[PDB]
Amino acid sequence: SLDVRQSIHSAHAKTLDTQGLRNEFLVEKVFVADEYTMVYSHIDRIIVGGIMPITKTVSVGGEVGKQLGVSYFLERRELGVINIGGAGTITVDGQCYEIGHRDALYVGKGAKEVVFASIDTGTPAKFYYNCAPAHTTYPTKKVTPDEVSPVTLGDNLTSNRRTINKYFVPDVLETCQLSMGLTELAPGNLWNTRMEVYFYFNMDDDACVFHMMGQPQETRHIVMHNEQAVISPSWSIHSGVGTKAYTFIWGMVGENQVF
């Protein structure tokens, strides 16, 4: 019952049709009320998902670890979380952390149980996470917009103009592999330009994004709507164009944590 995505060869992806590409790389539902979403990708074993607690609380720990063949979720992993929704809370082995909107939390190897909760069912928290294998444990850490050093790039000419906020990177804290960030395109702009995962949100219900993938010469696109994610394999490109402005979270692992 664990959504597993195998890694596919470029020659194999080349032949995939629309639905085929979607089944392999698209993560249709990231946020499901009072539950947790979880997609396991054999590409560097990154797992992706969302957690949106409303009338209940949501926990991940021992029972999840069973599915991965370990005592508990983070027995041999690090978790990267960014809250996209309303003010909420994340309790790591009893220690409670208040993570507001656009606030983040990194839970290192060792944490036995993580509990997600919203502090108001009216506008619930939308916890988006990326989880990667971890060989050493680093301290659990909360990262807020404040400590992030936003960088503004691109130009209205090329329709880039976006602010990149790096939450989890060497200069903010230490992690084994995981590197994650939040990039927001300045209204009027629609273009956003080693394996990566891209999560698209904060975009009107009618708007969408044409996510570019495939080898530089055999490119395909995956139409993406608000709050969905795509696995971008090592051999693929990852550009995207939107119908309207949008913002997205990126996460990656690979050879050197250098963004």
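Numbers for residues come from their place in the sequence shown, where the first is 1.
Where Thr193 is followed by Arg194 in the displayed chain, the model omits 4 to 9 of the deposited residues that sit between the two.
When the C-alpha B-factors of 244 to 252 and 231 to 239 are averaged, 231 to 239 comes out higher. Taking only CA atoms, the mean B-factor in the PDB entry is higher for 113 to 121 than for the other of 113 to 121 and 168 to 176. Of the candidates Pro53, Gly50, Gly69, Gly214, the PDB record gives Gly69 the highest C-alpha temperature factor. When the C-alpha B-factors of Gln95, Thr140, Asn130, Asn83 are ranked from the entry, the top spot goes to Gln95. The deposited CA B-factor of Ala207 belongs to the highest third of values across its chain.
Remark: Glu184 belongs to the middle third of its chain, ranked by C-alpha B-factor as recorded. Split the chain's modelled residues into thirds by C-alpha temperature factor. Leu79 is in the lowest one. Residue-level temperature factors show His135 in the highest third of its chain, judged at the C-alpha atom. Residue-level temperature factors show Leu157 in the highest third of its chain, judged at the C-alpha atom.
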